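In what follows, a structure is listed as structure tokens, so that the remarks can point back to it.
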Protein chains: 2
Amino acid sequence: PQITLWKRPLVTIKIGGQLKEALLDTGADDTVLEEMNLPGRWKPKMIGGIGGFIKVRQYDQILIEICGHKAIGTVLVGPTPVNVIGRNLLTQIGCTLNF
Amino acid sequence: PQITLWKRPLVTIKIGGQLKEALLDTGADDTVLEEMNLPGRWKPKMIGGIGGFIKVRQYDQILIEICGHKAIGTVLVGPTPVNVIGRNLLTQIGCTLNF
Ligand SMILES: CC[C@H](C)CN(C[C@@H](O)[C@H](Cc1ccccc1)NC(=O)O[C@H]1CO[C@H]2OCC[C@H]21)S(=O)(=O)c1ccc2c(c1)CC[C@@H]2O
């Protein structure tokens, strides 16, 4: 599909057996999702942006479906105000910017 | 152009007659640039990101050229970790997401 940017580019994703809403975010290196109790091992990380840093849990090789497109990679879980699909997964679903 | 996302989507911008590097950020509603001198009036504003809120100087109706495409719109100036081009200007240059 083609998504215009008049409004936030929100899509439905499937992760951990749950459906959520997330932004297709070309400014996020990696994917960051709202607090969720995923199974498996993780490693602590600190990620910074406007306003400062938040603490997150880094889970590797997590399966995510984004608008029916399957992907697998790193997901950072923590107290983010929004779910963002980052470049690490956007490349996997074939997403580009065009103008 | 069609821009893939294996690397950060960094581009050259022109604002106030100076060239700069900036990130095309579909997850940003607004455009936020690092501290710089900009002519004209401005009003104090607050913006929130992943890590909380910061104080910015809001410049309205500013000419800015992004990878050869002209825009005129609001530019927030303040202690952002990186220059971000957000949707208020991405729409002006006709940028969409495609996969
Ligand atoms: C530094 C470049 C940008 C800022 C990096 N961000 C991604 C941007 O799209 C954020 C997304 C977002 C965060 C909160 C609420 C809504 C949207 N938008 C943003 O701040 O927008 C501002 C300006 O416009 C306004 O509208 C929205 C908020 C205001 S990040 O979320 O901070 C991030 C993600 C992954 C990762 C990191 C850092 C570090 C490694 C890891 O990979």
Side-chain angles (χ1 to χ4, degrees), chain A residues 1-15 20-33 47-50 60-62 64-76 80 82-99, chain B residues 1-34 49-50 62-76 80-99:
Chain A
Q2 175 169 286
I3 302 172
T4 63
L5 298 168
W6 296 115
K7 70 200 264 197
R8 290 189 175 194
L10 291 167
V11 299
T12 305
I13 69 181
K14 183 163 80 168
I15 179 183
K20 298 174 173 300
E21 299 300 275
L23 292 177
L24 301 182
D25 188 357
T26 66
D29 288 347
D30 287 299
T31 299
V32 192
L33 300 178
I47 55 170
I50 288 171
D60 300 315
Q61 301 304 124
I62 306 291
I64 301 189
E65 202 174 294
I66 302 151
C67 295
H69 291 67
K70 291 194 181 76
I72 176 165
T74 297
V75 176
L76 311 175
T80 174
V82 178
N83 296 321
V84 308
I85 304 302
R87 289 192 296 103
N88 69 311
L89 302 184
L90 293 169
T91 53
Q92 298 187 32
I93 64 177
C95 187
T96 58
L97 284 170
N98 299 263
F99 57 99
Chain B
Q2 179 172 71
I3 301 181
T4 54
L5 302 172
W6 310 95
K7 313 205 316 181
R8 292 157 144 107
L10 290 164
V11 304
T12 304
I13 63 165
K14 186 207 216 175
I15 186 183
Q18 183 174 56
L19 297 185
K20 292 178 174 293
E21 189 160 68
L23 188 69
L24 302 174
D25 188 350
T26 58
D29 304 338
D30 306 311
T31 295
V32 191
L33 305 180
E34 297 171 314
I50 203 176
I62 293 296
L63 280 60
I64 176 173
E65 184 161 13
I66 301 158
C67 205
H69 287 249
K70 296 221 197 137
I72 306 173
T74 300
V75 176
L76 310 178
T80 177
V82 310
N83 297 326
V84 296
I85 307 305
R87 292 188 293 98
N88 71 309
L89 300 184
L90 292 176
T91 55
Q92 293 199 16
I93 63 170
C95 187
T96 64
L97 289 167
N98 301 84
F99 53 98

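These numbers come from the heavy atoms of this one structure, side chains and all, not from hydrogens, waters or symmetry mates. Chain letters run A, B, ... following the sequence lines, proteins first and then strands; every chain starts at 1.
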At what distance, to the nearest 0.5 angstrom, does [atom1] of [X] lie from [atom2] of [Y]?
X: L89(A); Y: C95(A); atom1: CG; atom2: SG; result: 11.0 Å
X: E34(B); Y: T80(B); atom1: CD; atom2: OG1; result: 7.0 Å
X: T91(B); Y: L5(A); atom1: OG1; atom2: CG; result: 7.5 Å
X: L76(B); Y: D30(B); atom1: CG; atom2: CG; result: 5.5 Å
X: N83(B); Y: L10(B); atom1: CG; atom2: CG; result: 9.5 Å

**Prompt:** Is atom NZ of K20(A) surrounded by more than 12 heavy atoms (other residues, nucleotides or ligands) closer than 6.0 Å?
**Reply:** yes
**Message:** Is there a side-chain contact between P9(B) and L23(B) in this structure, where contact means two heavy atoms from C-beta onward sitting under 4.5 Å apart?
**Reply:** yes
**Asked** Does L97(B) reach the side chain of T96(A), with side-chain heavy atoms less than 4.5 Å apart?
**Response** no
**Asked** So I13(B) and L33(B), side-chain contact (heavy atoms from CB on, under 4.5 Å) or not? Walk me through it.
**Response** CA-CA 11 Å; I13(B) 63 165; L33(B) 305 180; 4.2 Å; yes
**Request:** Assess whether side-chain contact (heavy atoms from CB on, under 4.5 Å) is satisfied between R8(B) and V82(B), documenting all intermediate values.
**Result:** CA-CA 12 Å; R8(B) 292 157 144 107; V82(B) 310; over 6 Å; no
**Asked** Distance-only, no hydrogens or angles: does the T31(B) side chain make a donor-acceptor pair with backbone N or O of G86(B) under 3.5 Å?
**Response** yes
**Prompt:** Any donor and acceptor pair, going by atom type alone, linking the side chain of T26(B) with main-chain N or O of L24(A) inside 3.5 Å?
**Reply:** yes
**Message:** My understanding is that only residues two or more places apart in sequence, or in another chain, count here; which of them pass side chain to side chain donor-acceptor pair (under 3.5 Å) with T4(B)?
**Reply:** none
**Prompt:** Is it true that the side chains of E21(A) and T12(A) contain a donor and an acceptor less than 3.5 Å apart?
**Reply:** yes
**Message:** Please list all pairs meeting side chain to side chain donor-acceptor pair (under 3.5 Å) that have one or both residues in residues 62-76 of chain B, counting only residues at least two apart or in different chains.
**Reply:** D60(B)-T74(B)
**Message:** Looking at every heavy atom in both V84(A) and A28(A), which two are closest together, and how far apart are they?
**Reply:** CG2-CB, 4.0 Å
**Request:** May I have the step-by-step check of side-chain contact (heavy atoms from CB on, under 4.5 Å) for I64(B) and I85(B), ending in yes or no?
**Result:** CA-CA 10 Å; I64(B) 176 173; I85(B) 307 305; 4.1 Å; yes
